[PDB]
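As structure tokens, one chain now follows by itself in the form deposited without the ligand.
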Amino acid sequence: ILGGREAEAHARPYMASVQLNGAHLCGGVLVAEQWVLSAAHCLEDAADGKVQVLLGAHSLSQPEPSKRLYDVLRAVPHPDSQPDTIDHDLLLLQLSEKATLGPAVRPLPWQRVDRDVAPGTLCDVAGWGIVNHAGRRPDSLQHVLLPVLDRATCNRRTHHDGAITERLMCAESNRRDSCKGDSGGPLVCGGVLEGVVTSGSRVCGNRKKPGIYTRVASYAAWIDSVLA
């Protein structure tokens, strides 16, 4: 997160950290007791290595009572995802066991109605991704509220030149943005999960390159079927 603040400890119980060999890789969001939703291209990095997910955390290095590392039983990437595109960039991870729920660990309701967030709406994004251009990585959870951008504006040649399909949404990226390491994370609007931070190479904080997020409502059928 760029231009953001530190998040209130354990105020987003659904926040997950997807890890590769004890190191944070991407963000993730608990959507069910045994399922965490993230981005597919995150596994492209975990080619060689063990994938685990950390729940109930705030600081990635310090001991916390609610902290728990879960192993991954299976990783289900969306079937139409390609290692060379930003479409269907979702991944579902089944934890080795159901997550122990508490005030610091709880699933987040997600959007099933396929309706665009009104533009200007402020949504919350969080992650342990880099905080500046030097590539600095926070130890604790960061976040930032970002306004949603109408699609027509995100599509202009000056922005993402019609790369935005109905299955994607954008939020402003001026000084405040999600960056590397935040991929796979939550974009919450009105207490509900509206999107997931995509996992593609993109410059951060440049208002001419809005943040791209995958709309979960557009994938309600795939999720329902994977969690069935």
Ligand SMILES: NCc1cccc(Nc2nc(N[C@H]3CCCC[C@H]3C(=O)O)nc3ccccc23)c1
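Note that residue numbering begins at 1 and tracks the sequence as displayed. Think of the rigid core as the biggest set of C-alphas that the two forms share within 1.5 Å after superposition.
Asks: When the core is superposed, where do the C-alphas shift more in 7 other deposited structures of this protein: in 156-164 or in 195-203?
Replies: It is 195-203 that deviates more in 7 other deposited structures of this protein.
Asks: Can you tell me which stretch has the higher mean Cα B-factor, 104-112 or 88-96?
Replies: The recorded data point to 104-112.
Asks: Which has higher Cα B-factors on average according to the PDB entry: 52-60 or 37-45?
Replies: If you average the C-alpha B-factors of 37-45 and of 52-60, the larger mean comes out for 37-45.
Asks: Among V31, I164, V196, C189, which residue carries the highest C-alpha B-factor recorded in the PDB entry?
Replies: Out of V31, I164, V196, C189, the record gives the largest C-alpha B-factor to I164.
Asks: In this PDB entry, which of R207, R215, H24, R12 has the top CA B-factor?
Replies: That would be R207, according to the entry.
Asks: Relative to the other modelled residues in the chain, which third contains the C-alpha temperature factor of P147: lowest, middle or highest?
Replies: For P147, the deposited C-alpha B-factor lands in the middle third.
Asks: By its CA B factor, does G127 count among the lowest, middle or highest third of the modelled residues in the chain?
Replies: CA B-factor rank for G127: lowest third.
Asks: Please say which third, lowest, middle or highest, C170 falls into when its CA temperature factor is compared across its chain.
Replies: It falls in the bottom third of the chain.
Asks: Give the position of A228 by CA B-factor within its chain, expressed as the lowest, middle or highest third.
Replies: Highest third, going by the recorded CA B-factors of the chain.
Asks: Ranking every modelled residue in this chain by its Cα temperature factor as given in the entry, which third contains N155?
Replies: Highest third.
One more form of this protein, deposited with the ligand bound, exists but is not displayed; see below.
Asks: Of these, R167, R68, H159, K180, which has a heavy atom no more than 4.5 Å from the ligand in the bound PDB entry?
Replies: Of the listed residues, the single hit is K180.
Asks: Work out which of the listed stretches, 186-194, 49-57, 199-207, 28-36, brings a heavy atom within 4.5 angstroms of the ligand in the bound PDB entry.
Replies: Within 4.5 Å of the partner lies stretch 199-207.
Asks: Going through 30-48 from first to last, which residues have a non-hydrogen atom within 4.5 Å of the ligand in the bound PDB entry?
Replies: In sequence order, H41, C42 come within 4.5 Å of the partner.
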